[PDB]
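As they're listed, the protein sequences go chains A and B.
When we follow the working numbering, the leftmost residue of the first sequence carries the number 213, and every step to the right adds one.
When we follow the working numbering, the leftmost residue of the second sequence carries the number 88, and every step to the right adds one.
Just so you know, even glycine gets a beta-carbon here, dropped at the ideal spot from N, CA and C.
Worksheet for the structure shown next.
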Amino acid sequence: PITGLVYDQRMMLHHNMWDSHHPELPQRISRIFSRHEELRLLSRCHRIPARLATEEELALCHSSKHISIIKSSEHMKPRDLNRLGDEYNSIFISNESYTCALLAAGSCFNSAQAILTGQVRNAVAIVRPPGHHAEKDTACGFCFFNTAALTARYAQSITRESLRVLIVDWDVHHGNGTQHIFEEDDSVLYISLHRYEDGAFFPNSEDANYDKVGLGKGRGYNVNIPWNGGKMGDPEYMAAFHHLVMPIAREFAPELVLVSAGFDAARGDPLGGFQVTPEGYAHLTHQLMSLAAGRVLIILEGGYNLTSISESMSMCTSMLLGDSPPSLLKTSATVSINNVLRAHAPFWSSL
Amino acid sequence: XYXXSXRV
Ligand SMILES: [K+]
Ligand SMILES: [K+]
Ligand SMILES: [Zn+2]
């Protein structure tokens, strides 16, 4: 049983030319990688190589206009980069961003291919920039291409179109791009837990509410778990996994689990304001490993406290290697869970 | 997403 790891310092080149201390920092990935080496997890993993996604692979989820626009930034002067970035919600662009977004997606392709062919059981991808806010036709929320959504489509393209892909997005923000790419799809089950605050938290859309259950034959395959009024932590996430995530996922019976593993719900995060501990992330990973015969690919999304993300992701990797989990309710969190249960009981007999 | 303005 082998755990894969992909990391490439070339993804550090994407940077914010006007604010070098912007929280989506190059050192997010180098700090996480360093922590894996300090905790001796690195030596226990099989290094999987990064690669660039092809433009053909990007078109599995994105429009040729969007691909062309981001590609065009590779050679722009600073004023053109500043103006292009301002055309999106919460995006900065440098001459290296496009290449970095290709390396993030291609890293996860090589990881998924390694998992699906049996070279490894599971894998962790320490990649930048993030992916889950990227839409088919636009960048958003520090994300250019939807790495996790592309990986699901990539996985199906090397196996069969009906490969059941579960994407669990525990980034504190709603993966709006992912939700929309798979909204009419019952082959990819999208489950997101996110701070919502009645729609006032980023990305600021009612799309992220519990009543958005999917469209068409995707009805029931989009599970939104939104948190309101409370600084949520391990009890709230544990309970949502026990009551919702794990019962639905078991019924779906995925053949590969992608985690959109943002760590901005972590204790200490400057954007999330939540308090999931590193031990909590270990328990969420350990639960997901009981699906798909442990075929889990943990993909870095957000997470902006360098110490918190480095400890939290390392614990997820520790779980992937087979380590036993370390030892571990707000009233409004019960309201949320009950609201999602009512919305999804019609499509999931486990509920 | 970052700034404090409300919809970023
Ligand atoms: K999320
Ligand atoms: K779906
Ligand atoms: Zn986030």
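Would you check whether ligand 3 has a heavy atom nearer than 7 Å to the C-beta of residue 383 of chain A?
Because some heavy atom of ligand 3 lies under 7 Å away, the Cβ of residue 383 of chain A counts as near it: yes.
Give me whichever residues DSSP pairs with residue 215 of chain A in a beta bridge.
According to DSSP, which records beta bridges pairwise, residue 215 of chain A is partnered with A:334.
Would you verify that the beta carbon of residue 483 of chain A is, or is not, closer than 8 Å to some beta carbon of chain B?
At least one chain B Cβ lies under 8 Å of residue 483 of chain A.
Tell me where the alpha helix (DSSP H) around residue 473 of chain A begins and ends.
Where residue 473 of chain A is concerned, there is no enclosing alpha helix (DSSP H), although the beta strand (DSSP E) it sits in stretches over 468-473.
Using the three-state DSSP reduction, which class does residue 459 of chain A fall into: helix, strand or coil?
Shown here, residue 459 of chain A sits in a helix according to DSSP, grouped into three states.
If you draw a straight line from the C-alpha of residue 472 of chain A to the C-alpha of residue 404 of chain A, how long is it?
So the alpha carbons of these two residues sit roughly 9 Å apart.
When burial is assigned at 16 or more other CB atoms within 10 Å of the CB, is residue 515 of chain A buried or exposed?
Flag for residue 515 of chain A reads buried.
When you compare the stretch 483-502 of chain A with the stretch 367-374 of chain A, are there three or more beta-carbon pairs, one atom per stretch, that lie closer than 8 Å?
No, they do not touch.
Kindly indicate which three-state DSSP category residue 227 of chain A falls into: helix, strand or coil?
Residue state, collapsed to three classes: coil.
Just to confirm, does residue 514 of chain A get its C-beta within under 7 Å of one of the non-hydrogen atoms of ligand 3?
In this structure, ligand 3 has a non-hydrogen atom nearer than 7 Å to the beta-carbon of residue 514 of chain A.
So residue 345 of chain A packs on residue 381 of chain A, CB below 8 Å; how close in whole Å?
The pair is not a contact, with the Cβ atoms about 10 Å apart (cut-off 8 Å).
State buried or exposed for residue 447 of chain A, treating a residue as buried only when at least 16 other CB atoms are found within 10 Å of its CB.
Under this definition residue 447 of chain A is an exposed residue.
Rounded to the nearest angstrom, what separates residue 414 of chain A and residue 214 of chain A at their Cα positions?
In this structure, the straight-line span from the alpha carbon of residue 414 of chain A to that of residue 214 of chain A is close to 37 Å.
Residue 401 of chain A lies in the beta strand (DSSP E); which residues open and close that run?
Per DSSP, the continuous beta strand (DSSP E) segment holding residue 401 of chain A begins and ends at 400-407.
Classify residue 235 of chain A as helix, strand or coil using the three-state DSSP reduction.
Shown here, residue 235 of chain A sits in coil according to DSSP, grouped into three states, outside any helix or strand.
At the 8 Å Cβ level, is residue 421 of chain A part of the contact set with chain B, yes or no?
So no, residue 421 of chain A is outside the interface.
For residue 517 of chain A, is the classification buried or exposed, using 16 other Cβ atoms within 10 angstroms of its Cβ as the cut-off for buried?
Buried, because 16 or more other Cβ atoms sit within 10 Å of the Cβ of residue 517 of chain A.
Which residues mark the beginning and the end of the beta strand (DSSP E) in which residue 188 of chain A is found?
Residue 188 of chain A lies beyond the range of chain A shown here (213 to 563); nothing can be said about it.
Is it true that the stretch 546-558 of chain A meets the stretch 415-430 of chain A, where meeting means three or more beta-carbon pairs spaced less than 8 Å apart?
Touching, yes.
Using the beta-carbon of each residue, find all residues closer than 5 Å to any heavy atom of ligand 2 and list them in chain order.
Matched residues: A:394, A:397, A:402, A:430, A:433, A:434.
Please list the terminal residues of the continuous alpha helix (DSSP H) segment that includes residue 509 of chain A.
That residue, residue 509 of chain A, is in no alpha helix (DSSP H); its beta strand (DSSP E) goes 508-512.
Where do the ends of the alpha helix (DSSP H) carrying residue 292 of chain A lie?
For residue 292 of chain A, the enclosing alpha helix (DSSP H) covers residues 290-298.
Chain-order list of residues whose beta-carbon lies under 8 Å from that of residue 389 of chain A (same chain, five-residue window excluded)
Within its own chain, the residues whose Cβ lies closer than 8 Å to the Cβ of residue 389 of chain A, once the five positions on either side in sequence are excluded, are 343, 344, 345, 346, 347, 348, 352, 355, 358, 361, listed in chain order.
Proximity winner among A:430, A:531, A:243, A:387, relative to residue 558 of chain A (alpha-carbon distances):
Nearest C-alpha to residue 558 of chain A: A:430.
Return the CA-CA distance between residue 305 of chain A and residue 226 of chain A, expressed in angstroms with no decimal places.
Between residue 305 of chain A and residue 226 of chain A, the C-alpha separation is close to 7 Å.
Boundaries (first-last residue) of the beta strand (DSSP E) holding residue 380 of chain A
For residue 380 of chain A, the enclosing beta strand (DSSP E) has its first and last residue at 377-381.
Per-residue contacts from residue 213 of chain A into chain B (C-beta, under 8 Å)
What residue 213 of chain A touches in chain B: nothing, since even the nearest Cβ is about 37 Å away.
Do you know offhand how far residue 452 of chain A's Cα is from residue 278 of chain A's?
Taking the straight line from one Cα to the other gives about 35 Å.
Rounded to a whole number of angstroms, what is the C-alpha to C-alpha distance between residue 521 of chain A and residue 544 of chain A?
Cα-Cα distance, rounded: 26 Å.
Cut-off 7 Å between Cβ atoms - residues of its own chain near residue 523 of chain A, not counting five sequence neighbours on either side
Excluding sequence positions up to five before and after residue 523 of chain A, its CB lies within less than 7 Å of the CB of 247, 490, all in the same chain and listed in chain order.
Express the C-alpha separation of residue 400 of chain A and residue 376 of chain A in angstroms, rounding to a whole number.
In this structure, the CA atom of residue 376 of chain A is about 6 Å from the CA atom of residue 400 of chain A.
Kindly indicate which residue of A:322, A:236, A:436 has the alpha-carbon position closest to the one of residue 481 of chain A.
Among A:322, A:236, A:436, the Cα nearest to that of residue 481 of chain A belongs to A:236.
With a threshold of 8 Å between beta carbons, is residue 235 of chain A in contact with chain B?
Contact of residue 235 of chain A with chain B is assigned, a C-beta pair being separated by under 8 Å.
If you draw a straight line from the alpha carbon of residue 261 of chain A to that of residue 538 of chain A, how long is it in whole angstroms?
Taking the straight line from one Cα to the other gives about 30 Å.
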